[PDB]
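Going line by line, the protein sequences match chains C, E, A, F, D and B. Per PDB author numbering, the very first residue in the first sequence carries number 24; after that it's consecutive. Per PDB author numbering, the very first residue in the second sequence carries number 22; after that it's consecutive. Per PDB author numbering, the very first residue in the third sequence carries number 22; after that it's consecutive. Per PDB author numbering, the very first residue in the fourth sequence carries number 22; after that it's consecutive. Per PDB author numbering, the very first residue in the fifth sequence carries number 22; after that it's consecutive. Per PDB author numbering, the very first residue in the sixth sequence carries number 22; after that it's consecutive.
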Amino acid sequence: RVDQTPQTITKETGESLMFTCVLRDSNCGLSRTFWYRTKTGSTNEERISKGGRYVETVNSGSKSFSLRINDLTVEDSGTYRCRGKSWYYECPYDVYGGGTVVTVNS
Amino acid sequence: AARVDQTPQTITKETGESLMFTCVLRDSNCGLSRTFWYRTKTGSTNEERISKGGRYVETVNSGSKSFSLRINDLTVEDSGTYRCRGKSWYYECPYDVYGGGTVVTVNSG
Amino acid sequence: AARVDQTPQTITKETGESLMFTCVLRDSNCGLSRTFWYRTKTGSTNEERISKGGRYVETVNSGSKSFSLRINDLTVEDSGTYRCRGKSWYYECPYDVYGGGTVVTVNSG
Amino acid sequence: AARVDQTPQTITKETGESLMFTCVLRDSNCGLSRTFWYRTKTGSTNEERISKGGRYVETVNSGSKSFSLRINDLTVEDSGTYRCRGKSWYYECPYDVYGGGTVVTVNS
Amino acid sequence: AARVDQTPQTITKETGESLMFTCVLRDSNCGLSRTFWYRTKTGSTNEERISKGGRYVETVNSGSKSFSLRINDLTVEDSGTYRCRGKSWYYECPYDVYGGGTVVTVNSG
Amino acid sequence: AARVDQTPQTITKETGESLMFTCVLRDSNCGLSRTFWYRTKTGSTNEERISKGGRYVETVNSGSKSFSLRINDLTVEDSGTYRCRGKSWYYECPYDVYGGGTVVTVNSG
Numbered sequence: 024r025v026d027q028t029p030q031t032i033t034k035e036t037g038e039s040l041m042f043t044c045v046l047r048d049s050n051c052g053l054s055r056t057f058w059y060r061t062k063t064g065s066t067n068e069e070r071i072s073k074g075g076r077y078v079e080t081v082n083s084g085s086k087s088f089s090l091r092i093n094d095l096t097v098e099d100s101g102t103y104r105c106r107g108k109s110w111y112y113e114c115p116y117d118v119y120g121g122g123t124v125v126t127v128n129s
Numbered sequence: 022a023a024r025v026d027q028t029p030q031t032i033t034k035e036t037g038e039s040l041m042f043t044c045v046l047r048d049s050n051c052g053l054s055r056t057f058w059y060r061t062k063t064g065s066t067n068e069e070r071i072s073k074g075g076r077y078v079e080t081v082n083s084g085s086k087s088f089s090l091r092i093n094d095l096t097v098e099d100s101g102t103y104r105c106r107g108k109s110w111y112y113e114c115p116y117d118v119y120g121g122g123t124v125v126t127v128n129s130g
Numbered sequence: 022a023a024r025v026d027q028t029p030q031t032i033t034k035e036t037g038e039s040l041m042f043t044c045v046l047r048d049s050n051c052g053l054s055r056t057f058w059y060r061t062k063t064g065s066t067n068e069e070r071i072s073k074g075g076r077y078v079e080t081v082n083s084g085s086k087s088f089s090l091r092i093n094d095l096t097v098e099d100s101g102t103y104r105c106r107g108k109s110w111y112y113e114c115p116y117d118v119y120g121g122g123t124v125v126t127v128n129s130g
Numbered sequence: 022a023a024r025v026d027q028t029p030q031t032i033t034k035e036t037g038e039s040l041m042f043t044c045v046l047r048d049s050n051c052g053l054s055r056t057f058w059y060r061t062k063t064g065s066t067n068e069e070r071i072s073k074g075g076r077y078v079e080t081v082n083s084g085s086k087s088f089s090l091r092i093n094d095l096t097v098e099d100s101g102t103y104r105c106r107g108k109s110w111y112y113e114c115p116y117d118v119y120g121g122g123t124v125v126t127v128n129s
Numbered sequence: 022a023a024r025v026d027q028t029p030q031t032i033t034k035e036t037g038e039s040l041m042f043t044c045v046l047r048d049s050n051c052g053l054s055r056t057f058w059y060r061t062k063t064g065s066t067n068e069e070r071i072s073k074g075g076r077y078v079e080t081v082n083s084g085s086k087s088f089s090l091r092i093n094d095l096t097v098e099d100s101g102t103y104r105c106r107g108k109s110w111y112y113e114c115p116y117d118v119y120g121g122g123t124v125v126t127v128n129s130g
Numbered sequence: 022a023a024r025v026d027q028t029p030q031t032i033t034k035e036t037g038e039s040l041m042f043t044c045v046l047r048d049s050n051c052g053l054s055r056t057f058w059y060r061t062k063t064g065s066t067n068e069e070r071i072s073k074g075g076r077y078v079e080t081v082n083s084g085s086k087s088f089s090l091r092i093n094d095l096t097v098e099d100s101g102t103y104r105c106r107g108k109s110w111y112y113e114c115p116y117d118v119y120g121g122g123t124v125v126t127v128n129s130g
């Protein structure tokens with residue numbers, strides 16, 4: 024229902040990456056989009072807020088939304104997953120992405 | 022408000038044995054209604070809904086607000102992440118919540 | 022805006038005879054689901070729901086989105102106002118509408 | 022379940038004067054959100070939605086869960102039945118209910 | 022050159038009774054593997070997956086390449102369109118076909 | 022005793038107008054870091070986080086340790102309770118405090 028890409032990422036400190044999720048096999052369009060992060064050692068995924076080095080984009084035309092992270096650090100390693108949900112009674116949904124494992128080296 | 026505690030968070034098993042996930046509805050006055058389980062195999066880009074039966078044993082305990090998924094005769098290809106889902110459309114107390122997820126790694130030897 | 026066309030608006034009958042109401046769901050893309058009939062006796066601030074039974078026969082035609090109620094062996098006590106109700110909780114097409122009502126007067130001789 | 026008490030049930034007026042309906046959301050934990058008023062002219066079940074302004078005056082009181090419609094400079098053609106509607110799609114407290122209706126007769 | 026013949030095309034029943042659809046894989050060298058049934062309620066434009074159990078009885082006869090669905094204790098809310106689906110990911114001969122559909126109308130009295 | 026004083030306590034407005042809340046961190050040596058605003062619509066059972074943009078304009082003044090939320094083009098649906106939150110995980114000065122809340126009533130006419 025939503026294809027998250029890429030599945031694996033390996034980067035060095037200071038660089039940037041970008042995930043992308045696309046809603047497929049649905050008659051509804053994008054509405055509410057979220058991104059989650061699970062750092063190494065964490066016990067509960069934490070929701071990312073849009074701003075500064077965390078740049079989120081939404082393309083309603085192509086049913087795609089992206090997350091860009093700049094100035095990567097070793098602490099940014101972990102798993103990132105997207106979420107798309109809508110409560111529109113004519114076309115409601117709530118689906119998660121396959122996930123992306125990120126490894127930041129130095 | 023409404024929540025669901027998926028456990029365990031990490032699992033490592035060998036081929037042929039079995040494992041079991043568990044989700045529990047917390048911080049809500051409503052009971053279980055519709056329950057689902059999703060899995061993302063290595064190499065897949067999305068979550069796929071599991072169809073109960075045979076090797077996939079599903080149980081629901083309305084009394085304790087808990088539902089589980091058991092997989093028997095494990096295989097290396099079953100590695101991946103599994104997440105549960107619980108939803109209800111009852112107009113007096115509707116909800117739609119997902120589990121935290123469980124990363125599964127199946128080895129051999 | 023969806024409604025419900027109840028007919029007839031007024032009824033006058035003698036004891037022992039029968040009458041028939043009819044309600045049709047109009048201006049809606051949703052179909053029939055739950056249908057009910059209510060009664061308000063003369064001298065009351067409340068409403069009592071009618072139960073399907075021998076002399077209280079009800080029919081529903083999902084194809085034409087119409088449901089009717091027939092009452093046999095009328096009595097003077099059957100006088101009052103009758104109104105229908107059609108509701109559905111389907112989250113994709115929910116509704117809850119009442120009929121305009123029908124005033125019934127049962128005489129004798 | 023949630024309903025709506027429309028008052029008054031019958032109104033009879035002469036040309037040129039004004040009337041006022043009132044609807045109140047009852048038996049519900051949700052508050053008012055979207056409110057509308059509809060009209061069915063004499064001789065057909067066809068319904069037209071009323072637009073606020075000019076001769077049509079609408080008010081909403083979220084505190085008391087009440088909304089009203091006032092029609093000024095009544096005319097013989099304004100006779101018919103009027104019914105209100107209050108709905109909300111909030112998934113935590115959704116509803117969509119209509120009023121019992123008010124039969125209006127304008128004489129001269 | 023690989024489809025599925027769904028029958029019957031139209032069904033009309035009363036409340037409380039039962040019905041049965043039937044799908045047969047034709048013009049193919051492959052046998053049945055994964056079978057599903059979907060439901061579209063009146064007013065909606067989205068497909069809903071049917072779950073086995075209770076009044077919903079899904080059967081599969083691999084010998085005759087036929088799978089059926091029987092619904093017991095019918096209700097007015099069961100009206101809508103029903104269509105079947107048969108898919109197999111077997112790398113030697115994969116397929117994924119849907120049924121023509123069946124329009125159901127459930128009345129009362 | 023790090024706290025946060027939310028003002029005003031009650032607001033009454035008409036449709037189309039604007040309002041503004043304000044929260045100030047008091048009795049603490051730490052400065053502002055992460056600021057949020059929550060909303061509880063009539064019927065409650067769940068707090069919703071507000072996202073900056075369009076009609077919701079958020080401001081933060083590190084100098085005066087104050088952050089505000091302004092809502093433009095008010096609607097009857099905007100009635101409810103609004104409360105702020107300010108938290109920081111800085112190991113030298115961490116905190117997590119909520120606002121007292123503001124009851125909003127939006128009328129029309």
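Each residue gets a CB set at the ideal place from its N, CA and C atoms; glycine is no exception.
Please list, in chain order, all residues of the same chain as residue i whose beta carbon is under 6 angstroms from its beta carbon, the five residues on each side excluded.
| i | result |
| --- | --- |
| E98(A) | none |
| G122(D) | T102 and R104 |
| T31(F) | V124 |
| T33(E) | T126 |
| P115(C) | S109 |
When you compare each of the options to residue i by their alpha carbons, which one comes out closest?
| i | options | result |
| --- | --- | --- |
| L53(F) | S39(F), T126(F), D117(F) and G37(F) | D117(F) |
| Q27(F) | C114(F), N128(F) and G107(F) | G107(F) |
| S129(F) | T36(F), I92(F) and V25(F) | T36(F) |
| residue 133(C) | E113(C), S109(C), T43(C) and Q30(C) | Residue numbering for chain C in the displayed model covers 24 to 129; residue 133(C) lies beyond these limits and cannot be assessed. |
| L95(F) | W110(F), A23(F), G120(F) and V127(F) | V127(F) |
| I71(B) | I92(B), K34(B) and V25(B) | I92(B) |
Between the C-alpha atoms of residue i and residue j, what's the straight-line distance to the nearest angstrom?
| i | j | result |
| --- | --- | --- |
| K73(F) | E79(F) | 6 angstroms |
| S39(F) | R60(B) | 40 angstroms |
| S85(E) | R47(E) | 10 angstroms |
| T63(A) | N50(C) | 52 angstroms |
| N67(A) | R24(F) | 14 angstroms |
| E113(D) | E113(A) | 41 angstroms |
| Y77(B) | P29(D) | 55 angstroms |
| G75(D) | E69(D) | 17 angstroms |
| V45(D) | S65(D) | 27 angstroms |
Can you list, in chain order, the residues of its chain whose CB lies under 7 angstroms from that of residue i, leaving out five sequence neighbours each side?
| i | result |
| --- | --- |
| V81(E) | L53, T56 and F88 |
| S100(F) | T63, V125, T126 and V127 |
Would you mind stating whether residue i and residue j have Cβ atoms separated by less than 8 angstroms?
| i | j | result |
| --- | --- | --- |
| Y119(E) | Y111(C) | no |
Between which residues of its own chain and residue i is the CB-CB distance below 8 angstroms, once the five residues before and five after are set aside?
| i | result |
| --- | --- |
| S83(A) | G52 and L53 |
| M41(D) | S89, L90, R91 and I92 |
| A22(D) | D48 and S49 |
Give the list of continuous beta strand (DSSP E) stretches no shorter than 3 residues that lie fully inside the segment 85 to 129 of chain B.
87 to 92, 101 to 109, 116 to 119 and 123 to 128
Complete runs of the beta strand (DSSP E) confined to the segment 52 to 90 of chain B [at least 3 residues]
55 to 62 and 77 to 82
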